[PDB]
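What follows is each chain in one-letter form.
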Amino acid sequence: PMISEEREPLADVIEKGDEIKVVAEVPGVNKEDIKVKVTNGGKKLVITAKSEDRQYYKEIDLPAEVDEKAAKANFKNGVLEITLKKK
Amino acid sequence: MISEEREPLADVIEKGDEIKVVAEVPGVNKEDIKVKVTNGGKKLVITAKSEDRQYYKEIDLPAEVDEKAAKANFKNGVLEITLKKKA
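Residues numbered from 1 in each chain as written, not as in the entry; some residues may be left out. Chains lettered and ligands numbered in written order. Heavy atoms only, no water. Residues with missing side-chain atoms left out of burial classes, pairs and counts.

By the naming in the PDB entry, chain B goes by Small heat shock protein hsp20 family and is assigned to Sulfolobus solfataricus.

The name recorded for chain A in the PDB entry is Small heat shock protein hsp20 family, from Sulfolobus solfataricus.

Dropping the structure here:
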């Protein structure tokens, strides 16, 4: 349908020194529905999810420059776990 | 590792015979969820437990509902349950 609601999801950051872990609650979307892009040289993170049920958008400022190269993604029961390696 | 119980986002919508209650409880597996009906028709009680996240919610229903009746479904961290109004 034409009209949708866009929410800002709950997210948290864990700065283990080696890794940066981002966890977001995005219930109501499938994994395929989710897109993450690192921006600003790995300074920043963006999350977009759209599903018939839900719409989510998030901007996150990371502690350190990070690289997409080793990055991994987990989605369980509506919670998204992302781990990135700092550059 | 500190536990705090949380109150889930819930929307209750009633159409016709049915009352549909929607709850977001991400983090939690479906077997870790408990749904029960109390105080005759009026109130619906939801319990979700997992190590990382725990939820409890109680909802006062617009109309009394039979406890036994239900259709319930879980998807991507979202719980949808369908309730029948008392005859």
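Once the structure has been displayed, the description carries forward.
(A) The overall build of chain A, seen in detail. Secondary structure assignment for chain A yields zero helices and eight strands. Secondary structure elements in chain A, listed N-terminal to C-terminal, are β-β-β-β-β-β-β-β. Taken over the C-alpha trace, chain A has a radius of gyration of 13 Å; the compact-globule value for 87 residues is 12 Å, and the two agree within 12%. The principal-axis extent of the C-alpha atoms belonging to chain A is close to 40 × 25 × 20 Å. Considering only residue pairs separated by 6 or more positions, chain A has 47% of its internal contacts joining residues 24 or more positions apart. (Helix = DSSP H or I, 4+ residues; strand = E, 2+ residues; numbered from the N terminus. Rg over C-alpha atoms; globule rule 2.2 N^0.38 Å. Contact = heavy atoms within 4.5 Å.)

(B) View of a negative patch on the surface. Where like charges cluster on the molecular surface, the negative patch consists of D17(B), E18(B), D66(B) and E67(B). Within the element layout of this structure, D17(B) appears in the loop between β2 (9-15) and β3 (18-24). (Patch = residues over 30% accessible without salt bridge, like charges linked within 9 Å, V, L, I, M, F, W, Y side chains within 5 Å. Areas by Shrake-Rupley, 256 points an atom, 1.4 Å probe, with all protein chains shown as cover. Salt bridge = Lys/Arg side-chain N within 4 Å of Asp/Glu carboxyl O. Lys, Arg positive; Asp, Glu negative; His and termini not counted. Charge placed at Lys NZ, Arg CZ, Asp CG, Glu CD.)

(C) Quick peek at the layout of surface pockets. In this structure, the largest pocket occupies an estimated 450 Å³ of space. If you trace the largest pocket, you find 16 residues lining it, with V23(A), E25(A), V79(A), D52(B) and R53(B) closest to the centre. Residue assignment for the lining of the largest pocket shows that the elements contributing at least two residues are β2 (10-14), β3 (19-25), β7 (66-76) and β8 (79-86) of chain A. Split by residue class, the lining of the largest pocket holds six nonpolar, three polar and seven charged. For the second largest pocket, the lining is made up of 21 residues, of which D53(A), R54(A), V22(B), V78(B) and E80(B) are closest to its centre. Among the secondary structure elements, those contributing two or more residues to the lining of the second largest pocket are β2, β3, β7 (71-75) and β8 (78-84) of chain B. Tallied by class, residues from the lining of the second largest pocket come to six nonpolar, five polar and ten charged. (1 Å grid on protein atoms, 1.4 Å probe; cavity = no way out; pocket = protein on both sides within 12 Å on 5 of 7 lines; lining within 4 Å. Points joined across faces, edges and corners; volume = space filled by probe spheres on them. Nonpolar A, V, L, I, M, F, W, Y, C, P; charged D, E, K, R; others polar.)

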